[PDB]
Amino acid sequence: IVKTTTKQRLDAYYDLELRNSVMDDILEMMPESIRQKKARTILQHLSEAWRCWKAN
RNA sequence: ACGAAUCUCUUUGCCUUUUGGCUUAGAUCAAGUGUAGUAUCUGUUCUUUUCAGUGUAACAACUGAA
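Residues numbered from 1 in each chain as written, not as in the entry; some residues may be left out. Chains lettered and ligands numbered in written order. Part of a larger assembly, values for the part shown. Heavy atoms only, no water.

The name the PDB entry gives chain A is Pre-mRNA-splicing factor 8, with Saccharomyces cerevisiae as the organism.

Novice: What's the story with the protein's contact with RNA strand B in this structure? I'm lost.
Specialist: Near RNA strand B, the surroundings consist of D11, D15, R19, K37, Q44, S47, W50 and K54. Of all atoms in RNA strand B that approach within 4 Å of the protein, 70% are sugar or phosphate atoms. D15 places a side-chain nitrogen or oxygen 2.4 Å from a sugar or linking oxygen of RNA strand B. For RNA strand B, a phosphate oxygen lies 3.3 Å from a polar atom in the side chain of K54. For the surface near RNA strand B, the secondary-structure elements that each account for two or more residues are α1 (10–29) and α2 (36–54). The element that contributes the greatest number of residues to the surface near RNA strand B is α2, accounting for five residues. Split into classes, the residues belonging to the surface near RNA strand B amount to one nonpolar, two polar and five charged. (Near = heavy atom within 4 Å. Polar contact = N/O pair within 3.5 Å; in protein donor to acceptor, adjacent residues only side chain to side chain. Helix = DSSP H or I, 4+ residues; strand = E, 2+ residues; numbered from the N terminus. Nonpolar A, V, L, I, M, F, W, Y, C, P; charged D, E, K, R; others polar.)

Novice: When you look at the environment of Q8 in this model, what are you seeing that I'm missing?
Specialist: Within the secondary structure, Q8 is located in the segment before α1. Judged by its relative accessible area of 68%, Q8 falls in the exposed class. Residues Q8 and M29, spaced 21 residues apart in sequence, show a C-alpha to C-alpha distance of 35 Å. (Buried < 20%, exposed > 50% of the residue type's maximum accessible area, 1.4 Å probe, protein only.)

Next up, the structure:
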């Protein structure tokens, strides 16, 4: 049961694709060894930064 | 003195959930009064000269002059 993207669940999907898309880049930049806690932390910086953009 | 093992200690290094997501911050909402009375923290001043009176269980405290 793969559920299509519709009006109600649009912007949730937009979130999900954005978060993945950022982890891809930043993980492809860093040298190597440790990610996952670091992976989690980077995304919190993202969302915080978006909130800052809305509030100017 | 030296190859050199083990326990103790400092440092460098290593590090743990180093917040689960999303939207219109997702939205909205919040403290009674009066009369009498006690308890308990902190701050500030004094252990500093004699004698005479008031005072006190005794001090203390208060009141005068060298």
